[PDB]
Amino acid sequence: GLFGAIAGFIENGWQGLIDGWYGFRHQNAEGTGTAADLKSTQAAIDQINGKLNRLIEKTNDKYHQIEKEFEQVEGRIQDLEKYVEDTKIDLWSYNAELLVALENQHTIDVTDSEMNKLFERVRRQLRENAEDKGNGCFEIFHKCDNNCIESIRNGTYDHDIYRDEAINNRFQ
């Protein structure tokens, strides 16, 4: 996709993540853990289910049309009737083919983007207390217990609490 996150600097997805589209995986002194991120997940789902509903929306409520099947040829009038229907079908088949390719191209960019927004959100939370390792992971330069980790995941992490410890670990 356009942002280079999914199938990009994030090498692969997590089959272990079953209650979310995006999430956090951590490691600290007291262990490891995987947790879903609801906001990013819901944003992606909203945009895709939004597509779906605009798709299944359409009437096409047609009754009396024209004859479309013929036993034997009659000539001019039949030629036109067949040509009209054939022309219609080709145009609608093209529409269908293009629509799906456009939607899918966009859906993939949207999900790639939402992955990247999550990463960027966490990056900004951490300020100077962490460094991008390059694989979608941050090295955190201070002790971060389970409550610290959760504070990062739910947006309450206060970088000033650990900044002195982090700055010292980073540069010395």
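Heads up: residue numbers just count along the shown sequence, starting at 1. Here the rigid core means the biggest group of C-alpha atoms that line up within 1.5 Å when the two forms are laid on top of each other.
Core superposition of the other structures onto this form places the C-alphas of 52-60 farther off in 8 other deposited structures of this protein than those of the other stretch among 27-35 and 52-60. For the two regions 73-81 and 98-106, the entry's Cα B-factors average higher over 73-81. Taking the PDB entry as given, 49-57 carries the higher mean Cα B factor of the two stretches 28-36 and 49-57. Ranking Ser113, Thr41, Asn147, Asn129 by Cα temperature factor from the entry places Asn147 first.
When the modelled residues of the chain are ordered by their C-alpha B factor, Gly16 lands in the highest third. Compared with the other modelled residues of the chain, the Cα B-factor recorded for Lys117 ranks in the lowest third.
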